[PDB]
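There is one chain below, alone, in structure tokens, taken in the form deposited in one PDB entry.
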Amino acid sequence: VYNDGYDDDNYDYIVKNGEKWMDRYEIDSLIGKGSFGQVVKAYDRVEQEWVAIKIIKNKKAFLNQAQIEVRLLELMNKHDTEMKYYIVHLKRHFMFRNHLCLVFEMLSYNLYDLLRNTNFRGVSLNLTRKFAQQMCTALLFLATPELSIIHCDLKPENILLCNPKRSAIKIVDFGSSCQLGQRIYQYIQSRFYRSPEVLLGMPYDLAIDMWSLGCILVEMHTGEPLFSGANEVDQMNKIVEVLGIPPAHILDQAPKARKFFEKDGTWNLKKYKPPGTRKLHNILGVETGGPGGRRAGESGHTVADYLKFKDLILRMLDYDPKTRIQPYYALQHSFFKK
């Protein structure tokens, strides 16, 4: 027996269809799950609307992760009462049967689910642009000084559609996030989306989220991860295939340079395609009909369009976090509509 019979051996609440909580919520069904716990669809009888309830595991490490998340969501929703900056809206929270519960507006599928729905062939350049404009607007909001929030775990699974039929999105999952200032986490970001400064053990800031976004947008259009490393050494080598050896002024200051490289004064890889020869121009199919040639003869996919997309992505994937494009200027780029 766990939690007087209410929990399973994984620290999760055992969902019961139709259960009533607190003379208020009627639980309907499970709609999502993850490391944190579970997400259920429930009817809020007081506000007369469907809600999603994120039920955190009954275990101290998971509870405390979610307490950080609640504080950051309360700070954000407070500075965006009109809900125009593409962050999920936390309505309220409570403790129930030894689980912290977060009540949200109900959302649809995540962007990984959308990629599966394309048979891993990618969404159109027009839909990629709509997702990009919303994501850059969210990053602009997180960079406002009273917030200064680094999400730290951007990936397709943490971006949800509002509606299955439409392009509107919201960002979720602030459990691993932090605020600019004191360096606390040195181990951060899911591996495929992890920035070079984190791989190299260097100082970091909000620019790590822009790196992740560049990786995500390429994957949304091609159907597959840009840099799919099996471990940190493989990850750095896959980055170098596309982007070349990082600049010497960065490696000369990197605590973990010698995990990957050796030092003419110039740096090279430790003993893949030669550095910089796996061109983004060819991954995107700029001149050859898009990914897999499958966009040949479709509207919305011209050479000029692809050159603008490539230009923006290369600015998001700058090795130097001081010169990598920032949200304000990404929004002004000619890839976006006037």
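Numbers for residues come from their place in the sequence shown, where the first is 1. Under this definition, the rigid core comprises the largest set of C-alpha atoms superposing within 1.5 Å between the forms.
Omitted from view is the form deposited in another entry, to which the following refers.
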If the two forms are fitted on the core, does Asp80 show a Cα displacement reaching 2 angstroms between the shown form and the other one? yes
Taking the rigid core as the reference frame, tell me whether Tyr329 has a CA displacement of 2 angstroms or more between the shown form and the other one. no
Taking the rigid core as the frame, does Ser167 move its C-alpha by 2 Å or more between the shown form and the other one? no
